Amino acid sequence: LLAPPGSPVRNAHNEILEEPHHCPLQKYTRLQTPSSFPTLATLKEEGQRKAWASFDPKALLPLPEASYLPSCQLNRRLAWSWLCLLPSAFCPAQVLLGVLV
């Protein structure tokens, strides 16, 4: 994706003799980090920490609905929740790798 084949073959004579000399290091373009490969334990720990860092009871029970509920129903409604995450959302992008066991 970042470098499709089709570039002209490198010529030593052109790089040495011709003026101005043409080398792949002459014209350089800044490159953003395309992707990274994280360890599975780091992925799991980061997911757990991020999930527990955004657990707001006030967000799950918006007013004025939460003001007309007894204790048991409120605690029952706060019992369960779920979260979803995406690879490309992180900077830089992450790619999963492992062995199916």
# chains A, B, ... in the order shown; residues from 1 in each chain; ligands from 1

call {"tool": "residues_around", "arguments": {"residues": "residue 98 in chain A", "least_positions_apart": "4", "cutoff": "12 Å", "atoms": "only C-alpha atoms", "output": "list in words"}}
result
residues 37, 38, 39, 40 and 41 of chain A

call {"tool": "write_last_selection", "arguments": {"atoms": "N, CA, C and O atoms", "output": "CSV table (one decimal), in the first residue's frame"}}
result
chain,number,residue,atom,x,y,z
A,37,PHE,N,2.2,-3.3,16.0
A,37,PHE,CA,1.8,-4.6,16.4
A,37,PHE,C,2.0,-4.8,17.9
A,37,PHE,O,3.1,-4.9,18.4
A,38,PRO,N,0.9,-4.7,18.7
A,38,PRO,CA,0.9,-4.8,20.1
A,38,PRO,C,0.9,-6.2,20.7
A,38,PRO,O,0.3,-7.1,20.0
A,39,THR,N,1.5,-6.4,21.8
A,39,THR,CA,1.4,-7.7,22.5
A,39,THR,C,0.0,-7.9,23.1
A,39,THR,O,-0.7,-6.9,23.4
A,40,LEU,N,-0.5,-9.2,23.1
A,40,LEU,CA,-1.8,-9.4,23.5
A,40,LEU,C,-2.1,-9.0,25.0
A,40,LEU,O,-3.2,-8.5,25.2
A,41,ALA,N,-1.2,-9.2,25.9
A,41,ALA,CA,-1.4,-8.8,27.3
A,41,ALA,C,-1.5,-7.3,27.4
A,41,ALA,O,-2.4,-6.8,28.1

call {"tool": "select_by_dssp", "arguments": {"residues": "chain A", "states": "alpha helix (DSSP H)", "output": "PyMOL selection string"}}
result
chain A and resi 12-16+40-53+57-60+71-77

call {"tool": "closest_residue", "arguments": {"among": "A:77, A:82, A:100, A:4", "to": "residue 51 in chain A", "atoms": "only C-alpha atoms"}}
result
A:82

call {"tool": "select_by_dssp", "arguments": {"residues": "chain A", "states": "strand (DSSP E)", "output": "ChimeraX atom specification"}}
result
/A:35-36,93-94

call {"tool": "residues_around", "arguments": {"residues": "range 24-35 of chain A", "least_positions_apart": "4", "cutoff": "10 Å", "atoms": "only C-alpha atoms", "output": "number ranges by chain"}}
result
A: 1-2, 10, 15, 87-88, 90-95

call {"tool": "residues_around", "arguments": {"residues": "residue 23 in chain A", "least_positions_apart": "5", "cutoff": "12 Å", "atoms": "only C-alpha atoms", "output": "PyMOL selection string"}}
result
chain A and resi 8-18+28

call {"tool": "write_last_selection", "arguments": {"atoms": "N, CA and C atoms", "output": "compact mmCIF listing (two decimals), in the first residue's frame"}}
result
# COMPACT_ATOMS: atom_id res chain seq x y z
N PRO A 8 11.63 2.56 -11.43
CA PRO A 8 12.74 2.26 -12.35
C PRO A 8 13.92 1.66 -11.61
N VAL A 9 14.65 0.78 -12.30
CA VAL A 9 15.77 0.08 -11.70
C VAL A 9 16.88 1.07 -11.37
N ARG A 10 17.50 0.88 -10.20
CA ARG A 10 18.59 1.75 -9.78
C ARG A 10 19.79 1.60 -10.70
N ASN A 11 20.39 2.72 -11.08
CA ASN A 11 21.55 2.75 -11.96
C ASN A 11 22.72 3.37 -11.20
N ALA A 12 23.80 2.60 -11.05
CA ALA A 12 24.99 3.11 -10.37
C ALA A 12 25.65 4.22 -11.18
N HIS A 13 25.71 4.06 -12.50
CA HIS A 13 26.36 5.06 -13.34
C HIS A 13 25.66 6.41 -13.23
N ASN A 14 24.32 6.42 -13.27
CA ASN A 14 23.58 7.67 -13.14
C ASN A 14 23.79 8.29 -11.76
N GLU A 15 23.77 7.46 -10.71
CA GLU A 15 23.93 7.98 -9.36
C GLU A 15 25.34 8.52 -9.13
N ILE A 16 26.33 8.02 -9.87
CA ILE A 16 27.71 8.41 -9.63
C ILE A 16 28.13 9.59 -10.51
N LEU A 17 27.81 9.54 -11.80
CA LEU A 17 28.38 10.48 -12.77
C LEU A 17 27.46 11.64 -13.11
N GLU A 18 26.19 11.38 -13.40
CA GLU A 18 25.31 12.41 -13.91
C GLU A 18 25.09 13.51 -12.87
N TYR A 28 13.20 12.94 0.02
CA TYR A 28 12.56 12.16 1.06
C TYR A 28 11.28 12.84 1.50

call {"tool": "closest_residue", "arguments": {"among": "A:53, A:96, A:101, A:61", "to": "residue 83 in chain A", "atoms": "only C-alpha atoms"}}
result
A:53

call {"tool": "atom_distance", "arguments": {"atom1": "CA of residue 45 in chain A", "atom2": "CA of residue 85 in chain A"}}
result
13.6 Å

call {"tool": "closest_residue", "arguments": {"among": "A:36, A:42, A:48, A:7", "to": "residue 84 in chain A", "atoms": "only C-alpha atoms"}}
result
A:48

call {"tool": "closest_residue", "arguments": {"among": "A:19, A:57, A:63, A:97", "to": "residue 78 in chain A", "atoms": "only C-alpha atoms"}}
result
A:57
